[PDB]
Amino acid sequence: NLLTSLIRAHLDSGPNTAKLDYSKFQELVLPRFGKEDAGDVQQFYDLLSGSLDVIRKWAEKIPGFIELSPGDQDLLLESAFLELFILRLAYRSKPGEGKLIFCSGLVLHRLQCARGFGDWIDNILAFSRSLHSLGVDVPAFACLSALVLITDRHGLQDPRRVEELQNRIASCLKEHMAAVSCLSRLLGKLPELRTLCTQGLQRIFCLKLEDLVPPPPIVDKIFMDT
């Protein structure tokens, strides 16, 4: 069934919590001061680039995403990327502790992220606990995230296919959350998520302009989409 394949796809795309990765983690007390250097930017960029790989291996595994055309397959992806990056990160992070947890299991302190991400990081954590107040069970999240991906995108081959897959996922979510308006409180989180992507596009524009290290292709593509 569709739900099951969405739960699994989510759970496979997630970090292994038995192996969160603390090799870079440090519990800092005082803000990192100054301007950000090339190391800050390169980290931020790698984290970005890392997640695209995983979000794609998550995409593939959605019932009938592989079935679509290669044109739309990468278009739903690059267009959903930043929103997926932020929502998955907000979902799996730990705002009480100041821990950002990334798709590869990497754990970073809010204060370690602040130079590359900017004040954006603080809004992302605000959005994290906002998600966490509400409670969003795994099946609700595993449908919500596929809906961020499979959605009409100006310039899609057969948006009938996308629109069709979309509505199945949409009724899984509707059904599952009726089995558990709840759905509309969860949907009431996506305007917050939208504000987050805009601020992220702005930091990424700002970093593109310092040009301290060459961006990864995703930075360009996400920015070209503007």
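Numbers follow the displayed sequence, beginning with 1.
Chain break class for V180 to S181, judged by how many deposited residues have no coordinates: The entry has a gap there, with 4 to 9 residues left out between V180 and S181.
Can you tell me whether 70-78 has a higher mean C-alpha B factor than 117-125 in this record, or the other way round? Mean C-alpha B-factor is greater for 70-78.
Which has higher Cα B-factors on average according to the PDB entry: 56-64 or 192-200? On average, C-alpha B-factors are higher across 56-64.
Which listed residue, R110, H154, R88, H132, has the largest C-alpha temperature factor in the record? That would be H154.
So where's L47 on the chain's Cα temperature factor ranking, which third? It falls in the bottom third of the chain.
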